[PDB]
Ligand SMILES: CCn1cc(NC(=O)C2CCC2)cn1
């Protein structure tokens, strides 16, 4: 029933993601010098350092907001990929499955804690 517990849970999940080799293309913003057309395709860049910094700044109110930004990292990779078999996109799919597997309980616990608070 702890309404604040999601924050440390998200910090720990981000630490695991940064240890994962599959996160390396997503740890910092996409390099616009190496992918010069990136902003012609992607409206809202997102990366894991931006997510971590937003969390540490106290600029997420809920784990749902964090989850929306993490999902944007994956949807950007899918939208920019030239192929569904591309290396970076394939890494995003594995990392997304890992993220979804771990965020599920964080979201469930937060929503149940909030329902208890408003009972
Ligand atoms: C396929 C386009 N794309 C590029 C990346 N990553 C980078 O450019 C690295 C420079 C630091 C992050 C991820 N996706």
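None of the figures in this text is laboratory data; all of them are computed from the coordinates on show. Virtual Cβ from ideal backbone geometry, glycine too; neighbours counted across all protein chains shown.
Rank these for me by crowding, 20, 10, going from fewest to most other beta carbons within 10 Å.
20, 10
Quick check on the exposure proxy: order 102, 117 from fewest to most C-beta atoms within 10 angstrom.
Numbers: 102 15, 117 9.
The fewest-first ordering by Cβ neighbours comes to 117, 102.
Using Cβ counts within 10 Å as a stand-in for footprinting exposure, how do 17, 3, 88 rank, fewest first? Show your work: numbers first, answer last.
Details: 17 21, 3 13, 88 16.
Arranged by neighbour count, lowest to highest, 17, 3, 88 become 3, 88, 17.
I need the Kirkwood Rh of the range 62-115: take the reciprocal of the average 1/r across all distinct C-alpha pairs and report it in angstrom. Before the final figure, lay out the partial values.
On the way: mean 1/r = 0.0824 Å⁻¹.
Value: 12.1 Å, from the Cα pair sum.
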222 nm mean residue ellipticity, helices alone, for the chain (DSSP H n ≥ 4; -39,500 (n - 2.57); rounded to 500)
-21000 deg cm²/dmol
Highest-MSF residue in the chain out of 80, 89, 35 [GNM, Cα springs under 10 Å]
35
With no solvent and one equal point scatterer per Cα, compute the Debye intensity ratio I(q)/I(0) for the chain at 0.10 Å⁻¹ and report its log10, rounded to two decimals.
-0.33
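Could you work out the relative contact order of the chain? I mean the mean sequence separation of Cα pairs under 8 Å and 6+ apart, divided by the number of residues, in percent. Write down the numbers at each step before the final one.
Details: 108 pairs, mean separation 46.9, N = 119.
Dividing the mean separation by the residue count of the chain yields 39 percent.
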